[PDB]
Amino acid sequence: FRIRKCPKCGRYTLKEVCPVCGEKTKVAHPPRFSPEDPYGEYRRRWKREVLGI
Amino acid sequence: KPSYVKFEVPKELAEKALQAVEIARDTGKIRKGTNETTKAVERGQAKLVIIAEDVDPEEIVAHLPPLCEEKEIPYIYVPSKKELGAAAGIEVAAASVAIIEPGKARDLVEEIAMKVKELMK
Amino acid sequence: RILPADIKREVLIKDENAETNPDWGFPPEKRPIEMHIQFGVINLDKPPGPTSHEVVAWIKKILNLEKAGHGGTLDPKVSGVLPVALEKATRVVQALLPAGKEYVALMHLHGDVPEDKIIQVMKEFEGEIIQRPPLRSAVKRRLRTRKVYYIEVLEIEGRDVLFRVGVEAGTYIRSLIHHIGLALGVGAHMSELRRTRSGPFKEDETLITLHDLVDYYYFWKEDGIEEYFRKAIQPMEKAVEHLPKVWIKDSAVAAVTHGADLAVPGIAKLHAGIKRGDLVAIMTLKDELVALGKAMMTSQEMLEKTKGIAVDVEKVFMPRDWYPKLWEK
RNA sequence: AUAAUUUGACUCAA
RNA sequence: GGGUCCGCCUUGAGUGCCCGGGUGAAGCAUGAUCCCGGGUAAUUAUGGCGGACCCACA
Ligand SMILES: [Mg+2]
Ligand SMILES: [Mg+2]
Ligand SMILES: [Mg+2]
Ligand SMILES: [Mg+2]
Ligand SMILES: [Mg+2]
Ligand SMILES: [Zn+2]
């Protein structure tokens with residue numbers, strides 16, 4: 001994927017550094033999801049630590 | 001650094017991890033790419049898991065640290081997925097790699113495993 | 001750079017003395033989590049891969065819902081804003097499906113074109129365009145007019161053109177890009193597409209991926225933490241933000257939920273600029289969605305008159321027992 | 001059931 | 001008689017695509033290729049049929 005989005009100002013760009021605010025941009029599209037979600041237990045273990053649960 | 005990076009890896013140790021992948025690529029056995037790497041871990045085949053620090057979105061590799069900890073498999077971080085892909089012998093980036101047989105990197109993987117253990121605590 | 005959903009209306013006060021009783025009804029804030037889901041809409045960030053229809057099927061299965069529907073079909077390879085109305089809120093999509101949309105697109109040109117020429121020609125596509133739905137479509141393949149509200153070129157890297165576009169519902173961006181290529185002579189195709197706006201829904205803190213949606217669900221289900229999943233679901237009132245509103249008295253609410261049309265003496269407040277035949281949202285003075293309807297009067301007619309049917313009630317969303325029966329013989 | 005709508009669907013058999 | 005609310009007015013099989021498992025190689029390990037399995041939404045209007053409420057100028 002080529003479309004990137006700045007996490008700071010929300011600018012859509014193809015650049016790795018945002019042309020508006022200079023922040024490092026991220027890929028605009030969400031990762032693949034599966035209803036089977038075989039590694040959900042392990043992703044949630046990471047997420048709980050990040051969120052503080 | 002992304003939230004899936006649980007500890008700070010010194011430059012020297014990260015370079016040894018890439019060295020171990022290159023050597024195991026040539027003399028042993030590796031799995032490259034996150035699906036291959038994940039299966040190697042869950043099947044209990046991985047000796048060492050190498051994870052890139054610039055994976056976006058984080059969800060591609062976020063399950064790997066908790067999975068490795070559950071399976072008692074050491075893991076290490078390297079700064080660059082393109083560099084990890086290159087070390088694994090492919091033309092594209094690799095978000096993660098598993099060393100199955102270290103080959104001539106036997107002692108190197110043992111050293112890395114010792115150094116990550118003290119970083120974990 | 002603005003859609004019809006951005007244009008704001010003035011509030012006209014018909015009855016200044018009209019107040020609401022805090023003991024009746026369930027405003028979004030007072031809804032228990034189970035009730036919140038029943039009258040909820042998810043601002044989903046669709047992943048590339050599955051069709052929009054499959055995604056809704058997945059949501060139904062994982063969240064254990066009997067009913068759900070989306071506010072407009074995004075193609076398999078397309079990501080972004082997909083409003084998913086749930087359960088008792090499912091029918092609110094009728095306000096979403098014909099609403100204006102915004103996209104961010106990547107166009108690949110098949111030849112070399114100067115940057116000023118690209119900007120110039122793409123500006124010519126703003127306004128009415130004539131399209132026929134492609135061989136792969138869910139609607140009748142007849143010539144039809146669609147409105148392009150704005151096009152903004154963000155950046156150009158050689159043959160790759162990144163642009164934002166605001167369109168009328170049912171405008172085919174792949175076809176639009178194809179005709180831009182023809183106007184530039186060299187030809188073009190769409191390589192990447194993301195929806196950034198769908199009616200009142202946009203890229204804010206309420207936009208949620210399937211990963212976060214299901215994780216927050218299990219944080220509630222299995223961890224017993226309601227807060228994350230609550231914020232994952234929007235009240236059905238959100239799906240109505242872009243519509244003109246009539247605010248009604250407590251004593252008119254139960255009547256409307258029991259099948260009565262809305263008469264003039266029941267109106268407390270209303271938005272200006274309502275025309276006859278317009279789709280309006282009937283709201284309580286607590287900003288609960290009661291019903292959708294068609295205006296039988298203009299804004300000025302509703303305000304000035306004392307008798308007559310103001311709104312023909314068509315779709316009732318509020319349960320009958322939220323407000324007591326306050327009407328007379 | 002019939003006709004439509006939504007940026008994604010199509011064919012065949014009772 | 002009218003209005004609102006709920007349900008129904010086919011089911012299979014297959015193609016496509018996707019997802020999981022297995023495999024793990026311009027583009028491509030954030031997954032090429034092939035095998036196996038599974039999945040694939042609603043809304044509106046009109047009419048018909050079964051049911052639930054109400055007939056309300058607030
Ligand atoms: Mg697969
Ligand atoms: Mg075959
Ligand atoms: Mg198949
Ligand atoms: Mg009947
Ligand atoms: Mg009965
Ligand atoms: Zn920025």
Side-chain angles (χ1 to χ4, degrees), chain A residues 1 27 29 31-38, chain B residues 31-37 39 55-57 59-61 81 84-85 88 90-97, chain C residues 18 48-61 67-78 84-85 88 90-99 101 103 131 133-140 167 169-176 193 195 248-267 291 305-310 312-317 319-321 325-329:
Chain A
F1 295 106
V27 186
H29 310 274
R32 175 182 298 109
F33 178 81
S34 171
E36 279 132 314
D37 203 22
Chain B
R31 299 256 86 185
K32 68 270 176 296
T34 304
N35 202 44
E36 274 171 50
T37 301
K39 301 328 183 206
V55 182
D56 164 46
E59 289 90 335
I60 278 101
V61 293
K81 58 179 182 290
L84 181 56
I90 58 169
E91 214 84 339
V92 297
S96 59
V97 164
Chain C
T51 65
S52 296
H53 313 326
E54 288 184 85
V55 169
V56 175
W58 292 350
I59 293 168
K60 284 170 69 194
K61 187 175 188 184
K67 303 184 201 189
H70 61 70
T73 311
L74 290 173
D75 288 351
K77 299 173 184 74
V78 182
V84 180
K88 304 286 187 72
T90 303
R91 293 174 305 151
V92 306
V93 298
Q94 72 191 266
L96 266 24
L97 289 161
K101 317 286 199 302
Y103 296 86
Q131 284 189 160
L135 284 153
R136 183 111 81 12
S137 64
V139 296
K140 192 174 183 175
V167 299
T171 309
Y172 294 91
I173 305 304
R174 201 140 53 199
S175 175
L176 172 64
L193 186 66
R195 183 152 78 195
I248 64 161
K249 301 167 178 176
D250 283 7
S251 54
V253 179
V256 172
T257 63
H258 284 257
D261 285 332
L262 174 66
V264 165
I267 294 171
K305 296 196 90 170
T306 49
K307 294 294 173 187
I309 301 300
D312 178 25
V313 180
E314 291 188 317
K315 303 289 165 175
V316 177
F317 289 94
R320 283 155 205 255
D321 59 354
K325 306 176 188 175
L326 261 33
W327 67 80
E328 298 181 326
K329 293 176 183 178

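Naming convention: chains lettered A, B, ... in sequence-line order (proteins, then strands); numbering from 1 in each chain. Atom set for the values below is all heavy atoms of this structure, side chains included, hydrogens, waters and symmetry mates excluded.
Look at CG on C:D261: it is 10 Å from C1' on E:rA56, rounded to the nearest Å. Rounded to an integer number of Å, the gap from CD1 of C:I173 to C1' of D:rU6 is 13 Å. Atom CG in C:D75 sits roughly 13 Å away from atom P in D:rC10 (whole-Å rounding). C:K61 has its NZ atom 8 Å from the P atom of E:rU40, to the nearest Å. Whole-Å rounding puts the B:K39 NZ to E:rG31 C1' distance at 12 Å.
Listed nucleotides E:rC28, E:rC57, E:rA41 differ in distance to C:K307; the shortest reach to its side chain belongs to E:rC57. Side-chain atoms of C:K77 lie closest to D:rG8 of the nucleotides E:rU40, D:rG8, E:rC19. Picking from E:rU30, D:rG8, E:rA58 the nucleotide with the shortest atom distance to the side chain of C:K249 gives E:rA58. Side-chain atoms of B:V55 lie closest to E:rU30 of the nucleotides E:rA42, E:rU30, E:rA58. Counting only heavy atoms from C-beta on, C:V56 has its side chain closest to E:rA41 among D:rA9, E:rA41, D:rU5. Among the nucleotides E:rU43, E:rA41, E:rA58, the one closest to the side chain of C:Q94 is E:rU43. The nucleotide whose nearest atom lies closest to any side-chain atom of C:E328 is, among E:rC57, E:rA58, E:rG21, E:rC57. Of the candidate nucleotides E:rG22, D:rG8, E:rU30, E:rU30 has the atom nearest to the side chain of B:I60.
Nucleotides D:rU11 and E:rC19 have their P atoms positioned 25 Å apart, rounded to a whole Å. Separation of the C1' atoms belonging to E:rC35 and E:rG24 is 14 Å when rounded to the nearest angstrom. The gap from the P atom of D:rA9 to that of E:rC18 amounts to 15 Å, rounded to the nearest Å. One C1' atom belongs to E:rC34, the other to E:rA13, and the distance between them is 24 Å to the nearest Å. As rounded to the nearest Å, E:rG39 and E:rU43 have P atoms that lie 22 Å from one another. Rounded to the nearest Å, the gap between the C1' atom of D:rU2 and that of E:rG21 is 44 Å. Separating the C1' atom of D:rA3 from that of E:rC9 is a span of 15 Å, rounded to the nearest Å. Separating the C1' atom of E:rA32 from that of E:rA45 is a span of 49 Å, rounded to the nearest Å.
C:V264 comes within contact range of no nucleotide atom at all, as no heavy-atom separation falls under 4.0 Å. Within 4.0 Å (heavy atoms only), C:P76 reaches at least one base atom of the nucleic acid. Nucleic acid contact class of C:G308 (heavy atoms, under 4.0 Å, all strands): base. In this structure, B:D56 reaches the bases: a heavy-atom distance under 4.0 Å links it to at least one base atom across the strands shown. Residue C:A310 is out of contact with every strand shown, counting any heavy-atom pair closer than 4.0 Å. When heavy atoms are screened at a 4.0 angstrom cut-off, C:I309 is found touching base atoms of the nucleic acid. Nucleic acid contact for C:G69: sugar-phosphate only, since backbone atoms but no base atoms lie under 4.0 Å from a heavy atom of the residue. B:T37 comes within 4.0 angstrom of nothing in the nucleic acid, heavy atoms only. Among the atoms of the strands shown, only primed sugar atoms or phosphate atoms (P, OP1, OP2) are found under 4.0 Å from some heavy atom of B:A93.
With hydrogens and angles left out, the side chain of A:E36 and the base of E:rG21 share no donor-acceptor pair within 3.5 Å. The base of E:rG24 is not paired with the side chain of B:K32 by any donor and acceptor separated by under 3.5 Å. Residue-to-nucleotide contacts include a donor-acceptor pair under 3.5 Å from the side chain of B:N35 to the base of E:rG24. Contact annotation: side chain of A:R32 to base of E:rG20, donor-acceptor pair absent below 3.5 Å.
The shortest distance between the side-chain N/O atoms of B:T34 and the OP1/OP2 oxygens of E:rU30 is below 4.0 Å. Note on C:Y172: every side-chain N or O is 4.0 Å or more away from OP1 and OP2 of D:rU6. Neither OP1 nor OP2 of E:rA41 sits under 4.0 Å from any side-chain N or O of C:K60. The side chain of C:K325 places no N or O atom within less than 4.0 Å of a non-bridging phosphate oxygen (OP1 or OP2) of E:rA58. Remark: C:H53 is not in phosphate contact with E:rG39, judged by side-chain N or O atoms under 4.0 Å from OP1 or OP2. In this model, the phosphate group of E:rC55 is approached by a side-chain N or O of C:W327 to a distance below 4.0 Å at OP1 or OP2.
Counting heavy atoms from C-beta on, the side chains of C:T73 and C:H53 come closer than 4.5 Å.
Ion pairing between C:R136 and C:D75 fails under the 4.0 Å rule for side-chain N and carboxylate O.
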Output side-chain donor-acceptor pairs under 3.5 Å for residues 255-267 of chain C, partner residues at least two apart or in another chain, one line each.
residue	atom	partner	partner atom	Å
C:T257	OG1	C:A254	O	2.8
C:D261	OD1	C:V313	N	3.2

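To the nearest 0.5 Å, atoms CG (C:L176) and OH (C:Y103) are separated by 11.5 Å.
Listed for the C:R91 side chain is a donor-acceptor partner under 3.5 Å among the backbone atoms of C:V316.
With a negative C1'-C2'-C3'-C4' torsion, the sugar ring of E:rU30 falls in the south range. Sugar conformation at E:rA42 is north: the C1'-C2'-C3'-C4' dihedral has a positive sign, consistent with the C3'-endo side. The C1'-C2'-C3'-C4' dihedral of E:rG24 is negative. Its furanose therefore counts as south.
B:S96 and B:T34 share a side-chain donor-acceptor pair at under 3.5 Å.
For E:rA26, the glycosidic angle deviates from 0 by 90° or less, giving a syn base. Applying the 90° criterion around 0 to the glycosidic angle, E:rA29 comes out syn.
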Distances under 3.5 Å between protein N/O atoms and the N/O atoms of nucleotides 4-6 of chain E, please, pair by pair.
residue	atom	partner	partner atom	Å
E:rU4	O2	C:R320	NH2	2.4
E:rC5	OP1	C:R91	NH1	2.7
E:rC5	OP1	C:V316	N	2.9
E:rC6	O3'	C:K67	NZ	3.3

For nucleotides 9-12 of chain E, give me every protein contact, N/O to N/O, under 3.5 Å, one pair per line with atom names.
none

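Of the two residues near RNA chain D, C:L135 and C:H70, the one whose nearest nucleotide lies more 5' is C:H70.
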